[PDB]
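Encoded as structure tokens, the structure appears first; notes follow it.
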Amino acid sequence: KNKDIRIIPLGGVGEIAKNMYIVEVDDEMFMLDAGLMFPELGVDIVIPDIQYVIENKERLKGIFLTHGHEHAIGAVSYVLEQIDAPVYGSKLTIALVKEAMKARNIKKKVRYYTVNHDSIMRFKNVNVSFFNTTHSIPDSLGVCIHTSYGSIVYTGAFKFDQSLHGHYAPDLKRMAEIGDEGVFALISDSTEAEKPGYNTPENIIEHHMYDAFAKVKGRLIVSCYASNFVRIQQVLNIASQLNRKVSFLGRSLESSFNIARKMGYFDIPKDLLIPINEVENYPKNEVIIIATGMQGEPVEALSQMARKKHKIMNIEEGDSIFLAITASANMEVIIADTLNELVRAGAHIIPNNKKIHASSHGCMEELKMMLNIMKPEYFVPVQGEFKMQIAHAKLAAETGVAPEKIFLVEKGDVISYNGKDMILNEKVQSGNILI
């Protein structure tokens with residue numbers, strides 16, 4: 001029988017990125033996600049301060065990674081330099097973590113444990129199960145910690161989109177079973193909680209991308225995260241239909257892509273991909289360049305190309321730009337500055353369609369669907385700035401979660417439960433580590 005529960009965000013509240021959520025059930029502690037954030041010169045990345053975990057490291061039973069986005073796994077190698085705990089994730093997530101460990105030349109012996117939606121990981125106080133979620137990277141998993149009070153469910157990043165199948169398909173039946181069995185606390189993604197309706201389905205997104213790219217008279221540069229496999233696949237498809245080759249600019253894309261291709265995640269025509277060095281050999285209208293940072297920070301790379309400071313390839317008069325990111329308080333200024341730089345350089349920015357809502361994260365109706373499936377007793381909105389958390393809390397109340405059981409937390413807050421009351425009466429060390 002479980003007695004005491006603690007839920008502590010170390011990153012990913014008050015921001016979109018660097019997600020890391022500590023859950024303790026009595027004397028066992030679990031880290032849910034371990035993301036990085038790209039700085040809002042003199043810092044490459046920002047990771048959570050894990051001093052609290054270090055002070056209690058003997059109780060850390062595992063790091064559970066939902067999906068291979070940098071905002072979910074970016075810190076893992078740095079965490080592992082301080083603590084030896086097992087790393088649980090999908091087969092794709094695990095492969096991406098290994099690649100990051102290699103990239104940093106880290107020799108330390110890591111205990112990876114591949115999990116899937118059938119995995120049940122048994123600990124002394126709890127069992128942990130998983131369910132497939134839909135996101136822009138395949139084989140994403142939500143995490144379900146079973147306690148004697150009911151399940152503690154962490155969604156990670158997710159949306160609901162019936163046009164995505166295969167390794168993107170959600171486990172709706174398993175999710176309904178979890179909700180039916182009794183969810184004590186839902187910890188859910190707030191990124192797009194301020195946006196009404198549903199995300200535009202990806203089949204519609206791909207058709208609008210086609211229309212936009214077919215108008216492009218010169219070169220096309222697409223800026224996105226290395227982990228946005230959906231967008232990458234769309235570009236590959238459209239390139240094939242438009243008789244354009246595709247080239248990658250940035251290592252984390254070449255690496256993430258090679259890994260994923262070897263594992264069977266991509267549908268690639270022969271003769272489509274070319275090395276960045278061979279791009280100048282084509283007419284401009286026969287090339288799409290997908291650009292992400294060397295670190296997988298796309299806008300940084302765009303910014304350099306716009307200012308003609310990039311090492312490998314720069315923007316020219318008449319290039320067209322497709323920016324495939326939504327923005328956060330942290331990235332707003334660099335996006336704005338980068339857009340100005342592009343227009344100054346004579347590039348054409350492909351406009352967002354007004355009818356198109358493109359995100360990897362559930363809008364209001366998708367978050368309500370998760371709330372209505374899970375039927376949680378307590379709700380902790382995370383993965384968002386405070387305004388997004390508030391918007392998500394409002395949705396929870398609409399679905400019928402008792403407003404006194406919805407907790408709005410900041411980094412380092414401790415939500416605790418003793419079997420009678422849920423409280424927020426303690427803080428632990430938290431903050432940003434600049435790398």
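Ideal geometry is used to build each Cβ from the backbone, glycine not excepted, and the neighbour counts take in all protein chains shown. Only the coordinates and a few stated rules stand behind these numbers; no lab work does.
Okay, here's what the table says:
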| read-out | value |
| --- | --- |
| Distant-in-sequence amide H partners of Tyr113 (H built 1.01 Å from N, under 5 Å) | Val87, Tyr88, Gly89 |
| Sorted largest first, extent of the stretch 296-352 alpha carbons per principal axis (Å) | 29, 25, 16 |
| Vicinal HN-Hα couplings computed from phi for the stretch 44-49 (Karplus, 6.51 cos²θ - 1.76 cosθ + 1.60; Hz; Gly/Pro x) | 6, 9, 10, 10, x, 5 |
| Spherically averaged projected area in nm², based on the convex hull that wraps the Cα atoms of the stretch 152-197 | 4.1 |
| Karplus-derived HN-Hα couplings along the stretch 237-246 (A = 6.51, B = -1.76, C = 1.60, θ = phi - 60°), whole Hz, x at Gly and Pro | 4, 6, 4, 4, 6, 9, 6, 10, 7, 10 |
| The stretch 202-349 pair-distance distribution - Cα-Cα, 5 Å bins, rounded % | 2, 9, 20, 24, 23, 15, 5, 1, 0 |
| Convex hull (Cα only) mean projected area of the chain, reported in nm² to one decimal | 19.6 |
| Order of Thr200, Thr147 under a 10 Å beta carbon neighbour criterion, fewest first | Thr200, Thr147 |
| Projected area, mean over directions - the stretch 185-275, Cα convex hull, nm² | 8.4 |
| Qualifying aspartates and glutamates (Cα of each under 12 Å from Cα of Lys245; at least 8 residues distant if same chain) | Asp271, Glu278, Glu280, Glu286 |
| Taking N as its residue count, the alpha carbon Rg of the stretch 360-435 over 2.2 N^0.38 Å | 1.21 |
| Interchain or long-range residues, amide H under 5 Å from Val246's placed H | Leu273, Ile274, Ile288 |
| Karplus-derived 3J(HN,Hα), 6.51/-1.76/1.60, for each residue of the stretch 73-80, Hz, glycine and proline x | 10, x, 8, 4, 5, 6, 4, 6 |
| Amide H within-cut-off set for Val222, under 5 Å, with H built and near neighbours excluded | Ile289, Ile290, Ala291, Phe322 |
| Partner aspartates and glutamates for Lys108 [C-alpha distance under 13 Å; skip if fewer than 8 residues away on the same chain] | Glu81, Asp84 |
| Selection of trypsin sites (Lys or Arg not before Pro), the stretch 291-343, meeting DSSP coil and at most 12 other Cβ within 10 Å | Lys308, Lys309, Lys311 |
| Tail fraction, Cα-Cα pairs, the stretch 113-223, threshold 23 Å, whole percent | 42 |
| Mean Cβ count within 10 Å, highest first, over the residues of peptides 115-121, 376-382 | 376-382, 115-121 |
| Violating pairs (Cα-Cα greater than 29 angstrom) within the set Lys308/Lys355; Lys284/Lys309; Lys217/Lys270; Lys91/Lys173 | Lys308/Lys355 |
| Per-residue Cβ neighbour rank within 10 angstrom, fewest leading, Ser303, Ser140 | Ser303, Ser140 |
| Helical mean residue ellipticity (222 nm; -39500 (n - 2.57) per DSSP H run of 4+; nearest 500) of the chain | -8500 deg cm²/dmol |
| Charge sum, other residues only, whose C-beta stays under 15 Å from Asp180's C-beta, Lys/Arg counted +1 and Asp/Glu -1 | -1 |
